[PDB]
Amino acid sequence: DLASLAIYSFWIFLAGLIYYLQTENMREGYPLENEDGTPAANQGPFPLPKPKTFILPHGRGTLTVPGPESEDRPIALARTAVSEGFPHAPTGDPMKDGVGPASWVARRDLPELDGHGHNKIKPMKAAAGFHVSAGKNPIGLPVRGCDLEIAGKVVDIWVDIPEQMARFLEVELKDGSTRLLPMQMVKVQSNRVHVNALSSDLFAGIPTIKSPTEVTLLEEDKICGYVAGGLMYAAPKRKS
């Protein structure tokens, strides 16, 4: 019967499709590892797929995956138990060391570029002719931390030019230097910007950027990870 043939065939097709899809999703993070970095004995029933290569725009190279995996950074953690499957305690300050929820990845230390090869993200002051078009303008507002102290003041918005969206607030600190705060981690209010993730004293420790008019993917990861990490690591100095 043609319908039973069709249904039987579909189940075979679907097994192959799931196989294809699962292997496609193993182009990163594999092979699996033991807690010390070495290849784990058990890799599971799915083999790695044949490598594929992406051509990156603006002469930035290619990416081939799967490929050799490495963290390319020290991980200030250590075991807390004698067997597999337990947590790894920070060896220093987990905010400073970039571990746990404060983690960052070693992405390329260049800025993301738009389709024309210009920097994707710019301070609004350098983006012609971008301006706040709706909602409360954060520029000028005092910035408050989860300890209810003023950490600084907003001096600009970092905007995504091609996508016309606000990505960071540039906040100036007591010493005249600035930090980027992720837009998704601030609450803009009528009389302040509030930052639940960080107490006021942790603002100086936000990873700085090396050029004051651009930000690299690497710098972005360090800033975002640092701010998110405060949720767990600033919890003691917070605060109903």
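A residue's number is simply how far along the shown sequence it sits, counting from 1. Each form is matched to the other, and the largest set of C-alpha atoms that superpose within 1.5 Å is called the rigid core.
Of 89 to 97 and 69 to 77, the stretch whose C-alpha atoms sit farther from the shown form in 9 other deposited structures of this protein, after fitting on the rigid core, is 69 to 77. Comparing the two stretches 24 to 32 and 189 to 197 by root mean square C-alpha distance in 9 other deposited structures of this protein, with all structures fitted on the core, the more displaced one is 24 to 32.
For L63, the recorded CA B-factor ranks within the lowest third of the chain. Only modelled residues enter the ranking.
Annotation for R27: CA B-factor lies in the lowest third of the chain's modelled residues. Sorting the modelled residues of the chain by their CA temperature factor places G145 in the highest third. The PDB entry assigns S133 a C-alpha temperature factor belonging to the middle third of its chain's modelled residues. Residue-level temperature factors show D156 in the lowest third of its chain, judged at the C-alpha atom.
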